[PDB]
Amino acid sequence: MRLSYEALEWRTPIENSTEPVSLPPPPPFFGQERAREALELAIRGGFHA
Amino acid sequence: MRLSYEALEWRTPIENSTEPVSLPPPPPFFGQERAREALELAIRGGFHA
Amino acid sequence: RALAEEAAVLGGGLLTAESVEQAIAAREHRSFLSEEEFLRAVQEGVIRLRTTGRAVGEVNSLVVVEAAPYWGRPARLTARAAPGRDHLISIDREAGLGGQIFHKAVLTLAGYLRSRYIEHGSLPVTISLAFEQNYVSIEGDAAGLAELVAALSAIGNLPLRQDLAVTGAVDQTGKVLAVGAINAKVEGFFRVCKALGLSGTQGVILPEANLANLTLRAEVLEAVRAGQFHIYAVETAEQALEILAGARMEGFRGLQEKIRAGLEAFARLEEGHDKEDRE
Amino acid sequence: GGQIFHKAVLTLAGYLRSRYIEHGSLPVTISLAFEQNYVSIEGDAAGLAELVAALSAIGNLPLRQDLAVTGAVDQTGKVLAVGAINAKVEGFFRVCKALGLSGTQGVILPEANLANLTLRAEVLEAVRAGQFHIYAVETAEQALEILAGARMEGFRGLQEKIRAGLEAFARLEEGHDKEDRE
């Protein structure tokens, strides 16, 4: 069955590009909650990691 | 045959989750009476173990 | 003591039940990346496993992954029967060696199939056993119950339930032997079913020798109590096939009748080919 | 190439010997080859292209050369996901564009790779304009139906064509055996 363009389109639509973005820095290990939690536990408990 | 929940439940029931408990220290090699007796024999007889 | 230390860290110093279960959950989740990737692939359709309806010659064999952490997960085991000499091919055991290595798992399944069904001479079927996707690391020492039930379904054109995953080892007698890491396999299948959505009929067929080893997680047991997940304990491959195919081995419209009918059909194709070659 | 027995050859042989059954054995020998050697063929996985090519050879089915076929299959015939789907689709698009697009070229890729389908801008624009097509298949039968432009069931279907090809090969074998016997 043929896949239409809408079913294949994956790119994020750009609404504007003349404005320079100003965003706050992300927390360390962003999108890496597992690693952040493991390191939190290792630091708080003094565990070799 | 199909195993029921009561034939699969293995966790012991919890009466309470907030009440600190005090227990006497267990004797050395608790549940290890074989190793404890072997070491007792080795120490009393001077045997290499 | 290490788990207690982790619970104290997550509990602030006091090891409450909540703190200990949090420590256990965190320890389980810290090595959960492989299972997270597998579940995401299953949900996205990259790895398509059947957890509803029925299929012929296909089972959800529970396996343990190659990774150092021991995570159970289902893999689609497929068996295909063709007319010919009595020769059972384990495709994922002859993938790169060849030459009849005598894997002791092909020998066991071949012995069961040759001794159990005797209406001709050499078995009139050749069985090809394979795993869809390659993470299984199939054990060579012990033949699988899933392999046997898939071979029987392929021979007899038996639609087996895809709801139930099949795990366990079998010898030539048909008795299902205990397998290690039964909890991991059951929990992996339950994770897959929950990711795909529980239909209230998915379950696991596991050896009754592992009943003393079923220390299942809280979530799986809660599902079992609610009736959304079932656990079947079997002693022989015959009753596992009965549970999968939803009918009895003996009697009218039995499983033995269908399997012997399939074997007779393959033998008839053999003899018709011989006659056509002769004339 | 002694021993080993591969996993692709065993998979294709199992599918062919189980799906098409009128004699005690498959009456054909299938020789699969790639033209030029830059392929880096995977010995651990069967190919959907290999299976459809074998089926076309058996049944004398004219496959569309417009469509490129990628994807792995098991002995059931289920088309499995394959790595680097974007690279393969974009490479076939580059080849078609270099030779000139006719508005009918396309790629037959597993539906398991729709999660992995992040195509370049040019390929997506061509698909939007209708100059390039993408087909998602669940089983090798669907891929063969798309390639041969015919259904697997009904009058003059691909199933009966492949079965008639095997029957003709079996007739040749039995005639040769009868001649050699006497």
# chains A, B, ... in the order shown; residues from 1 in each chain; ligands from 1
call {"tool": "closest_atom_pairs", "arguments": {"of": "region 59-176 of chain D", "to": "region 13-37 of chain D", "cutoff": "7 Å", "atoms": "only C-alpha atoms", "output": "CSV"}}
result
residue,atom,partner,partner_atom,distance
D:75,CA,D:15,CA,4.3
D:76,CA,D:15,CA,6.2
D:77,CA,D:15,CA,6.7
D:163,CA,D:20,CA,6.9
D:166,CA,D:27,CA,6.3
D:169,CA,D:27,CA,6.1
D:170,CA,D:27,CA,5.4
call {"tool": "closest_atom_pairs", "arguments": {"of": "chain A", "to": "chain D", "cutoff": "12 Å", "atoms": "only C-alpha atoms", "output": "CSV"}}
result
residue,atom,partner,partner_atom,distance
A:1,CA,D:135,CA,5.1
A:2,CA,D:135,CA,4.4
A:3,CA,D:134,CA,5.5
A:4,CA,D:127,CA,7.5
A:5,CA,D:128,CA,5.2
A:6,CA,D:128,CA,8.4
A:7,CA,D:114,CA,8.8
A:8,CA,D:117,CA,7.2
A:9,CA,D:124,CA,6.9
A:10,CA,D:118,CA,6.3
A:11,CA,D:118,CA,8.1
A:12,CA,D:118,CA,11.5
call {"tool": "residues_around", "arguments": {"residues": "residue 42 (chain D)", "least_positions_apart": "3", "cutoff": "10 Å", "atoms": "only C-alpha atoms", "output": "ChimeraX atom specification"}}
result
/D:6-8,39,45-47,72
call {"tool": "write_last_selection", "arguments": {"atoms": "C-alpha atoms", "output": "PDB file, in the first residue's frame"}}
result
ATOM      1  CA  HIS D   6      23.744 -19.783   6.423  1.00  0.00           C
ATOM      2  CA  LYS D   7      20.522 -18.382   7.867  1.00  0.00           C
ATOM      3  CA  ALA D   8      19.226 -16.625   4.748  1.00  0.00           C
ATOM      4  CA  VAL D  39      26.506  -5.437  -2.104  1.00  0.00           C
ATOM      5  CA  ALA D  45      19.291 -12.480   7.287  1.00  0.00           C
ATOM      6  CA  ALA D  46      17.148 -13.377   4.293  1.00  0.00           C
ATOM      7  CA  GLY D  47      15.988 -10.700   1.869  1.00  0.00           C
ATOM      8  CA  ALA D  72      14.158  -9.060   5.481  1.00  0.00           C
TER       9      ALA D  72
END
call {"tool": "closest_residue", "arguments": {"among": "C:16, C:184, C:47, C:212", "to": "residue 69 (chain C)", "atoms": "only C-alpha atoms"}}
result
C:184
call {"tool": "residues_around", "arguments": {"residues": "residue 148 (chain C)", "least_positions_apart": "2", "cutoff": "10 Å", "atoms": "only C-alpha atoms", "output": "compact mmCIF listing (two decimals) with C-alpha atoms, in the first residue's frame"}}
result
# COMPACT_ATOMS: atom_id res chain seq x y z
CA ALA C 79 8.11 -23.73 12.68
CA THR C 108 15.73 -34.38 21.67
CA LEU C 109 12.96 -32.89 19.52
CA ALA C 110 13.68 -35.40 16.75
CA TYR C 112 10.19 -37.06 20.62
CA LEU C 113 8.70 -36.60 17.15
CA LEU C 129 12.57 -23.86 13.40
CA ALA C 143 15.28 -28.18 23.69
CA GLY C 144 12.39 -25.79 24.19
CA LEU C 145 8.72 -26.48 24.83
CA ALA C 146 7.90 -23.64 22.43
CA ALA C 150 5.38 -24.94 17.21
CA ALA C 151 6.58 -28.06 15.38
CA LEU C 152 3.39 -29.91 16.34
CA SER C 153 1.24 -27.01 15.13
CA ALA C 154 3.19 -26.81 11.86
CA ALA C 169 12.47 -27.18 28.39
CA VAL C 170 11.41 -30.66 27.27
CA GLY C 174 7.53 -34.85 26.51
CA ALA C 237 4.10 -30.95 26.08
CA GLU C 238 0.72 -32.56 25.36
CA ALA C 240 0.76 -27.30 26.77
CA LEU C 241 -0.46 -27.99 23.23
call {"tool": "select_by_dssp", "arguments": {"residues": "region 24-175 of chain D", "states": "helix (DSSP H, G or I)", "output": "ChimeraX atom specification"}}
result
/D:48-59,85-99,111-116,121-129,140-148,158-175
call {"tool": "residues_around", "arguments": {"residues": "residue 123 (chain C)", "least_positions_apart": "3", "cutoff": "7 Å", "atoms": "only C-alpha atoms", "output": "ChimeraX atom specification"}}
result
/C:85-86,114,120
call {"tool": "write_last_selection", "arguments": {"atoms": "N, CA, C and O atoms", "output": "mmCIF file, in the first residue's frame"}}
result
data_model
loop_
_atom_site.group_PDB
_atom_site.id
_atom_site.type_symbol
_atom_site.label_atom_id
_atom_site.label_comp_id
_atom_site.auth_asym_id
_atom_site.auth_seq_id
_atom_site.Cartn_x
_atom_site.Cartn_y
_atom_site.Cartn_z
ATOM 1 N N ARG C 85 12.572 -36.161 4.007
ATOM 2 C CA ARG C 85 13.142 -37.091 4.966
ATOM 3 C C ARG C 85 13.005 -36.542 6.386
ATOM 4 O O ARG C 85 12.718 -35.362 6.602
ATOM 5 N N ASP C 86 13.206 -37.421 7.363
ATOM 6 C CA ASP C 86 13.137 -37.033 8.770
ATOM 7 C C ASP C 86 14.399 -36.254 9.119
ATOM 8 O O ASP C 86 15.429 -36.833 9.470
ATOM 9 N N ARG C 114 9.875 -38.639 16.466
ATOM 10 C CA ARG C 114 9.967 -39.947 15.833
ATOM 11 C C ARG C 114 9.364 -41.052 16.689
ATOM 12 O O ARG C 114 8.753 -41.978 16.147
ATOM 13 N N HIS C 120 4.390 -44.543 10.047
ATOM 14 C CA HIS C 120 5.201 -44.792 8.869
ATOM 15 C C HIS C 120 6.594 -45.177 9.352
ATOM 16 O O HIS C 120 6.787 -45.560 10.510
#
call {"tool": "residues_around", "arguments": {"residues": "residue 17 (chain C)", "least_positions_apart": "6", "cutoff": "10 Å", "atoms": "only C-alpha atoms", "output": "ChimeraX atom specification"}}
result
/B:14,16-18 /C:7,11,23
call {"tool": "write_last_selection", "arguments": {"atoms": "N, CA and C atoms", "output": "tab-separated table (two decimals), in the first residue's frame"}}
result
chain	number	residue	atom	x	y	z
B	14	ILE	N	2.19	-7.26	55.02
B	14	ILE	CA	2.78	-6.17	55.79
B	14	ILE	C	1.71	-5.60	56.70
B	16	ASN	N	2.27	-3.17	59.05
B	16	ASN	CA	2.48	-1.74	59.21
B	16	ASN	C	3.75	-1.33	58.49
B	17	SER	N	3.79	-0.07	58.05
B	17	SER	CA	4.92	0.46	57.30
B	17	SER	C	5.67	1.55	58.06
B	18	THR	N	5.17	1.98	59.22
B	18	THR	CA	5.87	2.95	60.04
B	18	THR	C	5.83	2.52	61.50
C	7	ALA	N	18.31	1.88	49.87
C	7	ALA	CA	17.02	2.26	50.44
C	7	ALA	C	17.18	3.37	51.47
C	11	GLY	N	15.55	6.74	51.31
C	11	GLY	CA	14.60	6.92	52.40
C	11	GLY	C	15.03	7.98	53.39
C	23	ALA	N	13.94	1.59	46.35
C	23	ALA	CA	15.30	1.15	46.04
C	23	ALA	C	15.28	-0.01	45.06
call {"tool": "residues_around", "arguments": {"residues": "region 29-39 of chain A", "least_positions_apart": "3", "cutoff": "8 Å", "atoms": "only C-alpha atoms", "output": "ChimeraX atom specification"}}
result
/A:26,42-43,49 /C:29-30
call {"tool": "write_last_selection", "arguments": {"atoms": "N, CA, C and O atoms", "output": "mmCIF file, in the first residue's frame"}}
result
data_model
loop_
_atom_site.group_PDB
_atom_site.id
_atom_site.type_symbol
_atom_site.label_atom_id
_atom_site.label_comp_id
_atom_site.auth_asym_id
_atom_site.auth_seq_id
_atom_site.Cartn_x
_atom_site.Cartn_y
_atom_site.Cartn_z
ATOM 1 N N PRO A 26 19.229 23.960 29.971
ATOM 2 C CA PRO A 26 18.506 22.801 30.477
ATOM 3 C C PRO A 26 19.187 22.243 31.712
ATOM 4 O O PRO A 26 20.386 22.477 31.927
ATOM 5 N N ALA A 42 24.388 7.659 43.600
ATOM 6 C CA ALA A 42 25.800 7.386 43.855
ATOM 7 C C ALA A 42 26.446 8.497 44.674
ATOM 8 O O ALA A 42 27.249 8.227 45.575
ATOM 9 N N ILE A 43 26.120 9.755 44.370
ATOM 10 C CA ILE A 43 26.692 10.870 45.116
ATOM 11 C C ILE A 43 26.164 10.887 46.544
ATOM 12 O O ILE A 43 26.929 11.072 47.498
ATOM 13 N N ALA A 49 30.361 3.978 41.022
ATOM 14 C CA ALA A 49 29.405 3.968 39.926
ATOM 15 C C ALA A 49 30.130 3.860 38.595
ATOM 16 O O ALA A 49 31.340 4.078 38.498
ATOM 17 N N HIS C 29 15.263 -0.328 37.391
ATOM 18 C CA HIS C 29 15.168 0.643 36.306
ATOM 19 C C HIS C 29 16.539 1.084 35.808
ATOM 20 O O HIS C 29 16.670 1.497 34.651
ATOM 21 N N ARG C 30 17.566 1.011 36.657
ATOM 22 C CA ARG C 30 18.899 1.445 36.253
ATOM 23 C C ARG C 30 19.482 0.580 35.144
ATOM 24 O O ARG C 30 20.365 1.041 34.414
#
call {"tool": "closest_residue", "arguments": {"among": "C:139, C:18, C:276, C:37", "to": "chain B", "atoms": "only C-alpha atoms"}}
result
C:18
call {"tool": "closest_residue", "arguments": {"among": "C:81, C:2, C:20, C:59", "to": "chain D", "atoms": "only C-alpha atoms"}}
result
C:81
call {"tool": "closest_atom_pairs", "arguments": {"of": "chain C", "to": "chain B", "cutoff": "7 Å", "atoms": "only C-alpha atoms", "output": "tab-separated table"}}
result
residue	atom	partner	partner_atom	distance
C:16	CA	B:17	CA	6.1
C:17	CA	B:17	CA	5.6
C:215	CA	B:10	CA	6.3
C:221	CA	B:5	CA	6.8
C:224	CA	B:5	CA	5.9
C:225	CA	B:5	CA	5.3
C:230	CA	B:2	CA	6.8
C:231	CA	B:3	CA	5.5
C:232	CA	B:2	CA	4.3
C:233	CA	B:1	CA	5.6
C:234	CA	B:1	CA	6.6
call {"tool": "write_last_selection", "arguments": {"atoms": "C-alpha atoms", "output": "compact mmCIF listing (two decimals), in the first residue's frame"}}
result
# COMPACT_ATOMS: atom_id res chain seq x y z
CA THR C 16 10.51 2.13 55.41
CA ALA C 17 8.63 -0.22 53.11
CA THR C 215 8.50 -15.06 42.85
CA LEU C 221 0.50 -10.54 40.58
CA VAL C 224 -3.22 -12.03 37.81
CA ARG C 225 -5.64 -11.18 40.62
CA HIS C 230 -2.99 -15.86 33.49
CA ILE C 231 -0.31 -18.37 34.49
CA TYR C 232 -0.56 -21.97 33.25
CA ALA C 233 1.65 -24.66 34.80
CA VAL C 234 2.21 -27.74 32.65
call {"tool": "interface_residues", "arguments": {"of": "chain C", "to": "chain D", "cutoff": "6 Å", "atoms": "only C-alpha atoms", "output": "MDAnalysis selection string"}}
result
chainID C and resid 45:46 81:84 95:99 269:270 273 277
call {"tool": "select_by_dssp", "arguments": {"residues": "region 20-244 of chain C", "states": "strand (DSSP E)", "output": "NGL selection string"}}
result
:C and (54-56 or 58-64 or 72-83 or 89-90 or 125-131 or 159-161 or 164-166 or 169-170 or 176-177 or 203-207 or 230-234)
call {"tool": "write_last_selection", "arguments": {"atoms": "C-alpha atoms", "output": "PDB file, in the first residue's frame"}}
result
ATOM      1  CA  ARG C  54      -4.222 -17.309  16.887  1.00  0.00           C
ATOM      2  CA  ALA C  55      -1.539 -18.311  14.398  1.00  0.00           C
ATOM      3  CA  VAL C  56      -0.351 -21.558  12.818  1.00  0.00           C
ATOM      4  CA  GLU C  58       3.974 -19.546  15.644  1.00  0.00           C
ATOM      5  CA  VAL C  59       4.564 -19.229  19.388  1.00  0.00           C
ATOM      6  CA  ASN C  60       5.864 -16.493  21.688  1.00  0.00           C
ATOM      7  CA  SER C  61       8.904 -18.236  23.145  1.00  0.00           C
ATOM      8  CA  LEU C  62      10.226 -16.473  26.234  1.00  0.00           C
ATOM      9  CA  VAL C  63      13.996 -15.968  26.085  1.00  0.00           C
ATOM     10  CA  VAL C  64      16.765 -14.281  28.065  1.00  0.00           C
ATOM     11  CA  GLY C  72      13.266 -11.908  29.808  1.00  0.00           C
ATOM     12  CA  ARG C  73      11.375 -11.076  26.643  1.00  0.00           C
ATOM     13  CA  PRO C  74       9.174 -12.866  24.092  1.00  0.00           C
ATOM     14  CA  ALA C  75      10.453 -13.814  20.648  1.00  0.00           C
ATOM     15  CA  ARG C  76       8.317 -15.117  17.797  1.00  0.00           C
ATOM     16  CA  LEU C  77       9.337 -18.738  17.199  1.00  0.00           C
ATOM     17  CA  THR C  78       8.130 -20.118  13.864  1.00  0.00           C
ATOM     18  CA  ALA C  79       8.110 -23.732  12.681  1.00  0.00           C
ATOM     19  CA  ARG C  80       7.522 -24.782   9.075  1.00  0.00           C
ATOM     20  CA  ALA C  81       6.936 -28.381   7.984  1.00  0.00           C
ATOM     21  CA  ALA C  82       7.852 -29.597   4.509  1.00  0.00           C
ATOM     22  CA  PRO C  83       7.575 -33.016   2.840  1.00  0.00           C
ATOM     23  CA  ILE C  89      16.482 -28.000  11.078  1.00  0.00           C
ATOM     24  CA  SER C  90      17.135 -25.509  13.866  1.00  0.00           C
ATOM     25  CA  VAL C 125       8.284 -34.237   7.497  1.00  0.00           C
ATOM     26  CA  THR C 126      11.270 -31.919   7.786  1.00  0.00           C
ATOM     27  CA  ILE C 127      10.880 -29.134  10.344  1.00  0.00           C
ATOM     28  CA  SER C 128      12.521 -25.713  10.068  1.00  0.00           C
ATOM     29  CA  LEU C 129      12.567 -23.855  13.397  1.00  0.00           C
ATOM     30  CA  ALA C 130      13.501 -20.174  13.481  1.00  0.00           C
ATOM     31  CA  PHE C 131      13.284 -17.032  15.594  1.00  0.00           C
ATOM     32  CA  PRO C 159      -3.813 -22.615  15.175  1.00  0.00           C
ATOM     33  CA  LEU C 160      -2.105 -21.955  18.507  1.00  0.00           C
ATOM     34  CA  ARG C 161      -3.091 -19.044  20.725  1.00  0.00           C
ATOM     35  CA  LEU C 164      -0.084 -17.177  25.725  1.00  0.00           C
ATOM     36  CA  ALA C 165       3.706 -17.206  25.716  1.00  0.00           C
ATOM     37  CA  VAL C 166       5.368 -20.617  25.911  1.00  0.00           C
ATOM     38  CA  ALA C 169      12.470 -27.179  28.387  1.00  0.00           C
ATOM     39  CA  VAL C 170      11.412 -30.656  27.266  1.00  0.00           C
ATOM     40  CA  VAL C 176       8.400 -30.206  30.640  1.00  0.00           C
ATOM     41  CA  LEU C 177      11.516 -29.488  32.702  1.00  0.00           C
ATOM     42  CA  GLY C 203      -0.754 -15.376  29.762  1.00  0.00           C
ATOM     43  CA  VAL C 204       2.295 -17.590  30.122  1.00  0.00           C
ATOM     44  CA  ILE C 205       2.622 -21.369  29.885  1.00  0.00           C
ATOM     45  CA  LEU C 206       5.486 -22.299  32.204  1.00  0.00           C
ATOM     46  CA  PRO C 207       6.739 -25.577  33.695  1.00  0.00           C
ATOM     47  CA  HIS C 230      -2.987 -15.861  33.490  1.00  0.00           C
ATOM     48  CA  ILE C 231      -0.312 -18.370  34.486  1.00  0.00           C
ATOM     49  CA  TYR C 232      -0.560 -21.966  33.254  1.00  0.00           C
ATOM     50  CA  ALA C 233       1.646 -24.657  34.798  1.00  0.00           C
ATOM     51  CA  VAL C 234       2.214 -27.745  32.650  1.00  0.00           C
TER      52      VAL C 234
END
